[PDB]
Each structure stands twice: as C-alpha cells, then as structure tokens.
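In: quick one, structure for this:
(chains A, B, C, D, E and F, ligands or ions: 3)
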There are 6 protein chains.
Amino acid sequence: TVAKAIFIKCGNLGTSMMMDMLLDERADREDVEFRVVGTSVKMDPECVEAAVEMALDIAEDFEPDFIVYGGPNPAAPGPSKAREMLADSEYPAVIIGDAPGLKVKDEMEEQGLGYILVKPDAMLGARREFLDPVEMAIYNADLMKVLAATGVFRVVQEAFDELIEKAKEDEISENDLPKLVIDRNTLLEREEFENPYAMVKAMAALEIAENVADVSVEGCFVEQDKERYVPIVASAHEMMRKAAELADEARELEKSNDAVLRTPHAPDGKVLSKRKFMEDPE
Amino acid sequence: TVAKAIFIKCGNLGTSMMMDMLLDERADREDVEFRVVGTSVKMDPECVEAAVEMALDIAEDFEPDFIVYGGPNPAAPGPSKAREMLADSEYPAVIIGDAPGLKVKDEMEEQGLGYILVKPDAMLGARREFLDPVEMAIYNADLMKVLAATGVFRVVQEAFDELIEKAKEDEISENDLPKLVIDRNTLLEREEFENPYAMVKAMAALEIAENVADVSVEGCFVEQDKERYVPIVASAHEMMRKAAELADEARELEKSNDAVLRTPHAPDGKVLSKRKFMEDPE
Amino acid sequence: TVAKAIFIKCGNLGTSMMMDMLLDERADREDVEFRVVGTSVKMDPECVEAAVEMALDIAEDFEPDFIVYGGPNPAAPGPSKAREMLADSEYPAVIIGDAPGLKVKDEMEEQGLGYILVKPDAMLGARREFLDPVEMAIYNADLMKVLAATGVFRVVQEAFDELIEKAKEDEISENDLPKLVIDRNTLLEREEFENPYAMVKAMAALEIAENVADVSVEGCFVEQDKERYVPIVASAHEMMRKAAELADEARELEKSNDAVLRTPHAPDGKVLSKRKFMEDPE
Amino acid sequence: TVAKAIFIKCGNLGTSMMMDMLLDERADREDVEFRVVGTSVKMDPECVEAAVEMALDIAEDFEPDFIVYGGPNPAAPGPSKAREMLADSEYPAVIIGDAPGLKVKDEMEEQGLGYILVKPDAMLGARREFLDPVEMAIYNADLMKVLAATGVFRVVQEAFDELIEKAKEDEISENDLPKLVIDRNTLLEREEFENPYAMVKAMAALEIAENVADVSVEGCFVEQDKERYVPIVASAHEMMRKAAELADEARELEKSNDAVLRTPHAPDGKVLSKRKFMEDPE
Amino acid sequence: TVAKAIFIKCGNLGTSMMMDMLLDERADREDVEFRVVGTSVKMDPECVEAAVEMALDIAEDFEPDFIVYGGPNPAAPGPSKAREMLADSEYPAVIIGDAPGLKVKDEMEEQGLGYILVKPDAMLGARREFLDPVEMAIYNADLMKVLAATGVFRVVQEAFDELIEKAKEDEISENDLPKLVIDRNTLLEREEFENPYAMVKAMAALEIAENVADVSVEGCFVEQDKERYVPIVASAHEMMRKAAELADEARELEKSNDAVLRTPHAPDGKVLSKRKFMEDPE
Amino acid sequence: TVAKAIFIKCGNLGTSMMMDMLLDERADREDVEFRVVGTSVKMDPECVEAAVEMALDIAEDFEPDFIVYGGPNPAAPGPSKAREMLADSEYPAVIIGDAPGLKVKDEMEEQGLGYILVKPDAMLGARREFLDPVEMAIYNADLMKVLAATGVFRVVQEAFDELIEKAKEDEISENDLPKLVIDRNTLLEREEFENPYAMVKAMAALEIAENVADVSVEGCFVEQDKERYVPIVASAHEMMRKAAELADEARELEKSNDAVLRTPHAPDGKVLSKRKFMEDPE
Ligand code: NA
Ligand code: NA
Ligand code: NA
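Out: Residues are numbered from 1 along each chain as shown, chains lettered A, B, ... in the order given. Ligands and ions are numbered 1, 2, ... in the order given. Next comes the structure:
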C-alpha cells in the first residue's frame, strides 16, 4: 500500500522547508507519494485560504491519507484560517510550527489536529535594513545545520514515518496524530549521540537557536529606533551562526568515534539504522 | 500592477529550494504573487507530468505571467517531459537546473524556454549506506551557505526581478527569458565583494562545490564496490563542508570592512542596495 | 589627593573577581589605595557578616571614602545582611551583583546604596558530578574573556573611576553612587567598537552569557534527575565557551582595523584613550 | 574538624587569583573556612606589610592553621618583606609565586616556608601604551584557561588539599609544607590526560606560556624605545592567546573520548574522582 | 650493501622537493648514500641536459644503483630530454612527476623507465602579478602538508624503500622499477587511517589539490585578461590552503584515537611501524 | 650580464630548502643561473667534504660568482669543514644556518665568509619513536609557512638579490657578503605588515618557532628516558603547528585590508613591489 499526503507551505520555517524531503531522502521509497502546494512566503488570511483550497481541490482526485500544513506561528490569522479549514475537512491533518504555536496548543487538540512545534525553529531578523535575500538564505543555512546536526530533523522524520505506517493500516484516528513540542530538552529522551559531550553541545545549540527567537521578536516588533533594532536583529544572526558551529562540533565528535547515527529509508519505506561508517544500515 | 508566477519543484537543488523565497525575503512585496507546486523529491516522468498538470490546472484561474520549473538535470527524462509540456504551453517558462543541464542548453533555446543553470549546485552522495535524512539536510545546509555567501543567489534574484519587471510591462517575449550559466567565473563579472580576497575565496568555494558533482557522480553511478563508493560519496560531503567554510570566511572579510552588500526589496518590488551596516538601503 | 576604598568579596562573580584590578591595571596609580577582604567562596549569612566586620574594623584606621561589596545574588540572605550592615554604616557603599539582584533593586535605592548589576555575569553549572575546580576555573576564563572583550569591564571601570573622582572632591552623596544594570543592550549606548559587526558579535556574546544563567538555574535548582541535570549544566558551559569565542572574534575584527580601544590610567589617575596600536594614549 | 587558613594577595598572578576557590568550588565544604586579605594590585614593601598585618590582626581571633601569601616575584622587596614577617610569625606559611621566585627558593626553605612556584604563570605586557584594564583582563582570561585546562590548577588543588588534611591532624611541621616548582614537565609525572596528544598539546601550551615571561620582561624592563617595546609586549599577549587555544584543544580531545578528569570535593572535604561524563564521582 | 642513488631536481614539485629526505628522516640510515644535483627552478632543455650531465659525471665515480629525476611535467621538453638521456644511460632510472606526466606514461614504460606520478602535486598560480617568492613558499607549505598528512608521502617512501632493497639484492630489472599513479583513490587501497572520516577528509583534501591544477592552468595558459587571471590564480591558492586544513583535520582525528601511523627507518634501513603514541616502533 | 651561483645543501633547514627558489619564483629571470648540489640529509664531515668537492669541481667550468652553503649548525664538524674549504677557495661564499651558528659567528667573519643565521629555523624532534618521514614533512610544512608568512623569506630574498646585483658589478668584496641574524625582532626594522597586529602576530610566531629549538634539543640531546623524551619532542611539534597558525592569521589580516606585500622579480631580475591585489607590481 502506498501512503499519500499533501504538504502545504505558507511562509517559511526550517522544518517546514525540509519536512517532506526528510521522508524520502533518495527518492527511492515505493510506499509514499506526495504533493506539495504553497503560496511561497506569503501567509496572510487570503493566501493561506488560497493555498488550502489548492490542497483540497487536488485532494479530490489525489485522495491523500493526511494533510500537513507547515509555516510560522500557528496562532497567527493566516495559519488560524488553515487550522479551521483543515479541521472542518474530512482529512486528518498535522500542523508544523514554531514556539508561538504553543499559544493555541490546546485549541489544536480540541480541533482534532496533530502538531509538531519546533521551539528552536526561530524567527529571523526580518528588518529591511538588514535582511535581504542573501542574508535570509545564510540564516536558513545555519538553522538547517542546527536542526539537522542536533537530531531535531530525526525526531520529525520519525513522527511522520509512524504516521505513514498508520496511513497504510488504513485508519488514522486522532489518537495517531503526532503531538510534539521539540526543544533543547528533547535530546535528553533520545539516544541520538554516542558521545555525551556531543549531546550537550547539541543541547547548547538548541538553547541558543531557541533564544534567537526572542532577540528577533524584540528587534522586529518591540524596538522602534532603527539605530537600536538593526544591531539587535543582526546579533540574532551572529547567534544562529554560532549555534550552527556548535551543532557542527557535535557531529565531528560523533565522527571521531565512528558513531554517527544514520537512519535511512529502504525502498519499502522501512527505517534502517547504523552507526559505524562501513556498517550496512539494517 | 502585480506579477504572478507558478514555481514547480520536482527533485531538489539548492537553487530550486530557495528560488521563490529570494524574491520576497520579508513577504512585504505588494507587486508579486506566487503559487508553488511539486511532487517533493520524486522526478521521474509520471511525477513530473503530474506536477506540471497541477501547475497548468491552477494556471487556468491564476493566470501567471510565467512559470518556473526547478530541479536536478534538465536533460533527464522527467525534466525533459516538463520542458516539452512547458515549451508547448501558452506560458513563458524558465528552467532552473545544474551542470548536467548543459547537455540540452541548445535544445532549451530551440524550445523557446529560459534557463538558469547553476554549476556549483552539485548532486550529493546519494547512496543508502551514507545518505540518510539528516546527512541530506546537512549537505543542503552547506550548499545553501555556499550559494548564498558567494553571491550566486543574488545573481538568481536579479534574473527573476528583471523578468518580473517585464511581466509588469505586460509582454514577455523569448528575448526576455533569462539564459544564464553560473559558475566560479561568474563572480569575475560582478561587484559582489568589496575585498578582492573575499572574492577569490568565494571563487575557490564555487570551484570546490562544482567539483563535488564529479565525485558524487563517480560514487553513485560509476563505482560499484561499496567498500569504495561509500568513502567516495562521503568525501564529496567533506568537500562541500569546506566550500561552505570558504564562503563563510569571505563574508567575514566583508564584515571586517563594513562592506557587506545587501540588496533587499521595497514593498513596491524595487531592489534597494547598501554596503555599510548602518546605512539605509536605497 | 588619594582616594581610598575597601572591596569585600564573598562568593565569586566574574565582575567581583576583577573589580579592584580594573582600576589600577599596572599598579602605578598614585591617587588610589585599596584594601580587599573576603571569606572566599562562602557567602552564607555568618560568613558575609564576618567579612563586613573585617572591612569595618579595618575601616576605622583606614578611613575609606567608599566600600564595595561584590558577589552573587544581592537578594540572597548573606548579601542581604551585607546590604543592611553597609546601609547602616557611615560609609557610602556600592553593591556589585548579577541578574538576580534585580529583585532588590528598589530596596537598594531605598537603602541609599549604589549598585552595578551585571546580567551576563551568569551563574555556572554548580553540580558536584560536573563542576570540579578545573571546570570552575575554565568557566571563569571564558566568562572573563566575554566580560572583558565585549567592553563590559570598561563600563565597570568608568563607573568606579567617576566615583573615585567624587571621593577626591571629598563628598560622596547618594546622588553620586552608580546605579547600573548592564546587559547586551548596554553596548548600544556606547562607542566601544569601531566596526559595527564587532559590536553585534559582542552583543550576541552578551546575550548567550546572560542566557547561560537560566540553564544553570534549571540544572541546579529545578531539575532533580541527575541523568538530566548533569547534561543540562554541561550545556551551559558549552554556551559560555562559544560566547567567549564570539567576544574573541569581535576583538580580532577591531584588530583588523587597527581600531582597538584602550583606556589606560595615567599615574595621577586620569583615564587616557587611544585606538591606533602605535598611538600614544591621551 | 575545620581547617582554617588566611590567604594574602598583593599584586596578581593567575594562580594567586584562583588559589582559594580551587579548594571549595561549590562552597559546600564543611571542613574548611578561609579569610582573604590584600592590598589589590600594589605590592611594594609598605602595602605588603599592611597586607600581612591585616592577616596577623585577624589571625589573633581567627586562629588559622596556616597562612598563604600569593603574588608575583617572591624575590621582589615587598614579597620579601612578607616572607620575613611570615617566617618570623608563629604560623606555618606557604608562598605562591612565579618563575622569578626561583632565585629565593633556597632562602625560602631556610626561612621555614613552603612554596608553590608556577613557571607558566607569566608576567603580562605591562606598558601603558598597550595594557589597559580590558587587555589586562583578556590576558588573565587566556592565562586562567591555560592553567586550568592543562591541569596545573589541579596540582595546586592537590597540594593545598594535602596540607589541609595535615592541618586537621593538628600539627603542621615544616616537612608538610609544599615545595613545588611547576612547569611543562610537571605533566610527565601525572595522569591528567587519558589521550597522549591531549598531554603533549597541554605541554606545548605550558611551554609557550612560560616563554611569554621573557618576552614581557624584555618589553617592560630592557627595551627602552616604545616603537620597539609596544609591539614586543603585544606579541607576548598573542602568544598567551595561542597557549589558551592549545589548552582548549587538549580538553576537547578528552571530551572526544569521554575521558575528562574531574576531581570535585565532597561536603566533608574528601576529593572525589571520575572520567566518564555520566559516572558519579567517587 | 649500502645502496646508492643520485637525485636530479629541475623545477619544483612538492614530491621532488621531499623525495630523498623521506628516505632518511633522521639521517641515521647506514644502508643508503645519496647525491642530489639540479639547476634549481629552471627546467628548459639546456638546463635539464646540464643537470643530467652533472649526474652522469658524478655517477662515474659514485656508481649509483639507480637515478631519480624529479620535477614538473615529464612530457615537457626539458623533462623529455632527461627521460631520453636516462633511458639511454646504463643506470636504472625513475621519473617523479605530476598529472601532465600521464601523456607520456606509455612512452616511459617503452623507454624502460620507472615513474611515480602524483596527481595532487598541483601546479601553482604562476603569474607575476600574484606569485612572489613568499606566495610561492606559502603555497609549497600547504601542498607539503597535504601530501604528508594524507599519506601520499608514505606511498612514495614505500616505493623507494622497496627499490632500495632490490638495489641491495644487486640487480634492478625494469620489472622492479615503480610504476605508480597516485591520486585521491589511492587511499582506498591502503590502511593509512584508523578512522574512516580521517580517510574521507584526506580524500577530499587530495581531490581539492588535484582540482587546483586545472584552475592554475586556466589562469596561466588560457585566460589572457589580467583582470580575470589574477583572481583566477589566487583562487587556486585559496583552494590549496583549504586542502591543507582538511589534511590537518584528518590527522587530528587520528590523534583523538591515539592511532597516528608512524613508519620510521631503523639504522639498518628496515621500515618500522606503530600506532600508539607510547608504543615502540617495530 | 648573468650572475651565477652554486648552492650546497647538506642536512635540512627551512631556509636552505627554499633559498635558491626564493630568487627565481617563476623561473623567468634571465639574469641568473644556478647549480645545486648536496648529499641530502647527511651532514657529517665526509659527506660535507664530498658535497663541497662536487661544487668546486663544477665551479671550474661553471665559474660561479659566489657559493652558498646551507644547512644545520655551522658550528658542527661537517659544516665546519665546509666553512674552512670555502674560506680557503677562490669563491666568495655565504653560510646559511640556524641559531647554533651564533657560536662561530666571529670565526666566520674572520674566515671572510658571509652568513645568514635564522634563529626561528628550529631543529625538529628527531627521535625515532616520533619522527617518521611523514612527521618530518609535516613539521617542514608548518615551518615553511612560518618562515614565509612572517616575512623571513623576504629578508633572505633581499639579501641574495643585493649580492646578485654586486656579482653583476663584477666584484664581490668581503664587504658585500651578507651578515645577518634573523629573529622575532627583525620584523621591527621592516615595513612588511600594513596592519600592526599582523606584525605582532608574526612576531609571536617567530618567538614560538625559535622557542621550539630548545624543546627539541632537550628531547634529543638531554632527556634520556623515552617516557619523557617522546612527549617532549612531540610538544615541540605542536608548538610549530601553532606558530604556523599565527603566521596564517597575520597574512589573513593583511588580506582583510587588501594590503599583502608582494615583491616579485621582473625577467631582468629587478625586484618589483605592490600591496593592492589588482595593482601591477612596480
Ligand atoms: Na528601509
Ligand atoms: Na611593579
Ligand atoms: Na593571497
């Protein structure tokens, strides 16, 4: 059985940018088939409604087992409209968001939606005087490295893979939808890192990434004097750059012990595992 | 007046992952509106055809001024199907691809399509023993950093911005469609870097990135002994990691002179420019 | 005129460890004379009282113009005893402390005491399973670097030097006692860095250092499971190590422009100033 | 029983700055109680005499088991006055010093004093054109890192801990007083590093650090042309900065093997030990 | 049997600069004796002929068992003259060269000569506007690091050592002359590195060094506009600097496992082996 | 007119390895012609005598204007034989050596020989248990980087270029022979570095390199216990590695100001000069 899903991306988060690709990293899965629609970076009410309608139009013929909506702030107006449209729809749905999503966590459960809220997926320093396209991409490169090398992406991969198995068992109840809040302490329940200093450097990285959000928010929404806000948002980027260097450092530690966890998919969708570089994944 | 475009993403490249977002980095442009559809990482003929149909269905009501198709190897069968459907449609279309696209360069011009072929946008080490989702993300982070900090993304940004201005003049002829091949030497025609050592480090980073392709191709398509191919594809990732560090080091040299070029958009879509950290973009 | 002061150190903060030495960096000032007493790291009520008594006994003959008490948490019982004794004494006094001192800020003004509260002077990961003396010193080396290279110690140096000048004018009123809260944003009112990226790297370093406190507090005072709390306090130390790296990077940027601010004392106490390596301070 | 000691600090050395704190790193020992007194950075004959008298005055009621004098150059006139008063007093005494203390080593033994001379504890570049308070703190930060991560502070900690045990057996003869000269070669007699490269990197860092003294002495006491002496003292600081990195690199090696030695104190003053991050100290 | 050889150096390559020294690293071999002659950097026909004549004149009395000619491009005119003179001589001869030597590989075997062609031994950016003596030496230092720490110099050491043993067996047939082409993949057949990431980092270093050649060749022999060729050849040097860092990072990995391969000579010429730092080589 | 010289190399020093090549970096000088002879690493009396005889034999027909002998310790037996033979010959001669040559400095002037003694050209840790050919080459790469990037090679380049101009004026008196001792302080008389921190970093590097010699000597000639000498000589190599990193960091500083000094030769042997990357040397 081939599981089917539609991903909807409005605005951009590290996680929502990579979510579908984490699930079929070499395109050889024969057990999944995805459609991705979005309105690029725009996430106001009209755009989000238009994106969700695309999904729903496509769903009629595609018949997806579930739908995923990914982007910043589930509590904002645009994403709120999406939650509402998807809740009222026939399809099980999952919301991917960031720390601000916590404000509507209870609401989402009441709505019958799953969620994955990624606290370290921090808003960037979105002031015109600082953030051009190249800076926006550099920040995203640092963030992606943080979310990957600390193991956060593995947590997201797992959550969807478990859900895809349920989709293949043919009934997805609300009880099956993920309800995850991911942060620095998430790593304490996992066996991601063989070396405990690699773990605590990855924790520091997630801590700093999460702390980036408050700096950005202060610079974008609170401080009004550009003489103050430009430096403030630029300092949030210098942070994320260092979180990435910490995440890098953790990974090299795992390399030094020939212990880098890799969990690739087999063509039948099964998730394999290995540590040693020369060891076949199984 | 508002330019409209649909982006189609099948498979993944650093440039195709970011192309739409480079054009509206804070989501405040009032002069553009985009739709994005894709079949995620899958880019065989059926998936590509299904992706392009999504785009065309949506186009009926959306009425885009142009359509972009982005992903690996324009010469491959899936991307070949797309070029033909788009070349045969009523919509001006642009192909975003990598070095292997060079094989059908003349074909694409004959087809009446524009293209942007990014040679440093190198295929990764796609063998299951090595590439799991986290590794695929890590690679993508390094590559994004290279394409951003060396200024390749600015060349991309500029080509689409020029096209969007034409879309607003209301006629896009074949003469308007971009026809770009980007590589290490592209920097020599630009004024990206104020410091000439930042420039040559950035050139070294693009040269190493472009060299990664051959190593990945040897490891995925030529070498058949996994005792040899796993180290080979892994060494391609170590290369892209050091390319990213070179790009970083270049950008830090522009910092040391307070000379980082930023070219953000204004709400009306105009591209602004500045160098000094405290100077308003204009 | 020779100004005199007594410094009392109970417990240890980066700032209280260096406070007196920042005022006479080559021991050639002829206009100051200091005495320094303390009970080492112990800062419970009996020790703090004993420390302040030494100070007051010595003060009888020494006749200091002002007395400074420095160490962790002005709101804690030990430090609260010292504030009380110092407020009730005849000598103007200044409290050096960390973020937790903010809880008794209004109290201190009401007590007629000056203060300097250094938010980035963060508590370390004080769990026996992690913190031995070597780890404790490593943390203090990283923190000293942060507080020095970001310019925080320069803010402290100025505050006392202004006070010392008042002491020489012979009357210190409450109006003269410093009332400072130092943190990341402190750098925004200063001209410490010629290079604006050195400034924002230094702001990032201060932000991470202030963020370290919360991680330490969670690991020492909230989390009770040592399988959780050891990694937690260790991740706080990894953060401070990276903050030190940022502060270092900022300072190397100033070096690259031969713009490193130095403000040494002349023998008569006057504070000189220079930027260029070869330029005499004046 | 509770061992009591008074520390006297005149001038500054990395070792004298940290000596007392290395003995009670979390302030939970119930077996010791300390007083600290000093005249800050000033160490001429009259300051030192005043410092020592402070200690003697307090000692009448405090009744310490031993007194420690710490600061630069035991052979200098002020330190020499300290040795005279301490040698003549009733209290066992230890002298904490640097390499210049070697000139009065035999004298010290003849005086009945113990000593710990730390050759890597190098004089900084005390010229007004270069050394302001910030630069003095920066140096102290790199020095502290060197003395901590190479192990040197652990040799100190151990020596005082042994002495403290003899203080508790209630008689301290001259035979118990430490007589240590510490340098690069000290590591060869120890088991500080599990990894042999961490050791040799640590050795190199102590060698560079000891070499710093000669460059500082040349720049401060021999070269008289400021066009020569400013760059000379500045180069001594760049040395110490790289020594600090060597020491960091050594400790990261220990991390990679999960083999970082920690020897914390228990509440009763016993010195515990461990190597594995998760292992309880014992 | 003491084996005798003459080395001829015309032009410079990393390998030819170090070839003889790799065979007697502490000068304590009693089983070899060498003469070295050359014309420094000049390698045109006249100079090469003069160099080979020196060698042959000396050979009359010296009676070497074999002769080595080392330097750039065995296919160039100067080196072609040497191959002809050596082939026609009575002495077994080996040619050390770089990738361009591949054009005359078959020719050399037909000539009855041995060869070792080192692909990563890349031509530098020889344009007067960029390459002064200091730059030439810096590039050589990076290249030497690469060739050493990746294990390429060990391969060269072995080939000669095997030949030297044959020379002592008293007959060197053409069958004994080395016929090696060394590149990135050479590492796959060896057991140089205990850690597999050290290996792949070394492979990446060798790939980059090999890629340097093409960039230098483009900038020296193809591009004619100095506004383009100066940055081009400077970018080749930035590449080689990063290859050296990768090689360094590989070796530090081996240190982290106490597994650095060392194969020194014994006085009797026997090649010893060890991994652990404290283990006698055997 | 074309100046001619013979270089004799016995043993190895960073300077002697590069001395001839620093004089014709692209091989395009038409005003010089060189022969190079040596006995490789061996420098005992018989070998040195045999090397000097080769030179003198060749000199009969070559008619060199001067002869250079380069290698370790001009005071050792081998090199003493060379000095005597060269002093007694008809050819003006120059001795290239290291610090130990200082012992026979006066003797060399009495002998009528010139010299260049390079104190930072430090002996490596030549113990069999540590130094194999790869380690030997790694040390030489680090030292070469130090001697090049700090500007020491430029000093040597100048000295020979001045002598070469005299050789073309046709008479070389003893008054023309260089008599140089190079060390850290040599940089103070030069204008090598535009940035003063690059200068003091290069000084630090030369100080560390020069300090390496003492560590090597202790480990090779003094310490007899291999448990002590192996770590000792390996620590000298860690020092040289850090000295190379300081030299690198100095050069990157020069890059950040577009101020790297380049002094290439024109075809007629004239020494050109430039600082800006794009500026023609003149
Ligand atoms: Na603006
Ligand atoms: Na003094
Ligand atoms: Na350069």
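In: if I look at the residue of the stretch 101-250 of chain A found nearest chain E, how far off is chain C?
Out: Nearest to chain E in the stretch 101-250 of chain A, going by Cβ to the nearest Cβ, is residue A:195, at a distance of 10.8 Å. Any C-beta I mention is one placed from the backbone N, CA and C, and that applies to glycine too. Residue A:195 sits 12 Å away from chain C, going by Cβ to the nearest Cβ, to the nearest Å.
In: burial count for that residue?
Out: 20 (other Cβ atoms under 10 Å in any protein chain shown).
In: pretty sure it is touching residue A:258, no?
Out: No - contact criterion Cβ atoms under 8 Å: residue A:195 and residue A:258 do not qualify, at 10.9 Å.
In: ok, back up a step: which residues touch the residue of the stretch 101-250 of chain A closest to chain E?
Out: The neighbours of residue A:195, taking Cβ atoms under 8 Å, 6 or more residues apart in numbering or on different chains as the test, are A:253, A:254, A:256, A:257, A:259, D:255, D:256, D:258.
In: farthest pair in the residues you listed?
Out: Longest distance between any two of the contacts of residue A:195 is 13.6 Å, between A:259 and D:255; criterion Cβ to Cβ.
In: the more surrounded of these two?
Out: Using other Cβ under 10 Å, the more surrounded residue of residue A:259 and residue D:255 is residue D:255, with 24 against 15.
In: helix or strand for the more buried one, which one?
Out: Element membership for residue D:255 (DSSP states H and E) is helix D:226-256.
In: what angle sits between that helix and helix F:226-256?
Out: Put simply, helix D:226-256 runs at 120 degrees to helix F:226-256, going by axes from the mean of the first three to the mean of the last three Cα atoms, to 10 degrees.
In: which parts of chain A are strands?
Out: A:3-9, A:32-38, A:66-70, A:93-97, A:114-118, A:179-182 (DSSP state E).
In: which among the contacts of residue A:195 gets closest to chain F?
Out: Using Cβ to the nearest Cβ, those come closest to chain F at residue D:256, 16.6 Å.
In: tell me how far that closest one lies from residue B:242.
Out: Residue D:256 sits 20 Å away from residue B:242, going by Cβ to Cβ, to the nearest Å.
In: near chain D, which residues of chain A show up?
Out: Contact residues, chain A versus chain D (Cβ under 8 Å from any Cβ of the partner chain): A:195, A:196, A:197, A:253, A:256, A:257.
In: contacts only, for the nearest residue in space to the third one that is not next to it in sequence.
Out: The shortest distance from residue A:197 to any residue other than its chain neighbours is 4.1 Å, reached at residue D:255 (Cβ to Cβ, 6 or more residues apart in numbering or on different chains). Under the criterion of Cβ under 8 Å, 6+ apart, the neighbours of residue D:255 are A:195, A:197, A:253.
In: neighbours of the last one, how many?
Out: For residue A:253, the count of nearby residues is 26 (other Cβ under 10 Å).
In: outline the domain layout of chain A.
Out: A:1-123+A:151-182, A:124-150+A:183-258 (curated CATH domains).
In: adding distance to residue E:183, write the ones you listed out as a markdown table.
Out: Output for those, formatted as a markdown table (distance: least, Cβ to Cβ, whole Å):
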| stretch | distance to residue E:183 |
| --- | --- |
| domain A:1-123+A:151-182 | 28 |
| domain A:124-150+A:183-258 | 24 |
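In: which of those domains sits most buried?
Out: Most buried of these, by mean neighbour count (mean count of other Cβ atoms under 10 Å in any protein chain shown): domain A:124-150+A:183-258, with a mean of 23.
In: for it, measure first residue to last.
Out: End-to-end distance of domain A:124-150+A:183-258: 34 Å, with Cα to Cα, to the nearest Å as the criterion.
In: likewise for stretch A:67-87?
Out: This stretch, stretch A:67-87, spans 11 Å end to end (Cα to Cα).
In: does chain B have contacts with that stretch?
Out: No - counting by Cβ under 8 Å from any Cβ, chain B is not contacted by stretch A:67-87; separation bottoms out at 9.8 Å.
In: and for stretch A:48-60?
Out: Yes - for stretch A:48-60, a contact with chain B is found by Cβ under 8 Å from any Cβ, at A:54, A:57, A:58.
In: cool, and stretch A:37-44?
Out: Yes - using Cβ under 8 Å from any Cβ, stretch A:37-44 comes into contact with chain B via A:37, A:38, A:39, A:40, A:41, A:42, A:43.
In: wait, doesn't the second one sit right on residue A:51?
Out: Translated: residue A:38. Yes - using Cβ under 8 Å, residue A:38 is in contact with residue A:51, at 5.6 Å.
In: any shared contact partners between these two?
Out: In contact with both residue A:38 and residue A:51: A:8, A:9, A:10, using Cβ under 8 Å, 6+ apart.
In: contacting residues for the first one?
Out: Think residue A:8. Residue A:8 makes contact with A:36, A:37, A:38, A:51, A:52, A:54, A:55, A:67, A:68, A:69, A:70, A:82, according to Cβ under 8 Å, 6+ apart.
In: which ones are touching residue A:209?
Out: The contact partners of residue A:209, by Cβ under 8 Å, 6+ apart, come to A:120, A:121, A:122, A:143, A:146, A:147, A:239, A:240, A:243.
In: give me the subset of these touching chain B.
Out: Subset of those in contact with chain B: residue A:147, counting by Cβ under 8 Å from any Cβ.
In: which one of the residues of stretch A:37-44 next to chain B sits closest to chain F?
Out: Of all the residues of stretch A:37-44 next to chain B, chain F sits closest to residue A:41, with 34.6 Å by Cβ to the nearest Cβ.
In: what sits opposite the closest one in the beta ladder?
Out: Taking DSSP bridges as the rule, residue A:41 bridges to residue A:39.
In: check the gap between it and residue F:29 for me.
Out: In terms of Cβ to Cβ, residue A:41 sits 60 Å off from residue F:29.
In: for the stretch 1-150 of chain A, list the residues in contact with chain E, please.
Out: Counting by Cβ under 8 Å from any Cβ, no residue of the stretch 1-150 of chain A sits close to chain E.
In: which residues in the stretch 1-150 of chain A form helices?
Out: Ranges of helices in the stretch 1-150 of chain A, per DSSP state H, counting those that start in this stretch, are A:14-18, A:45-62, A:77-87, A:105-111, A:133-149.
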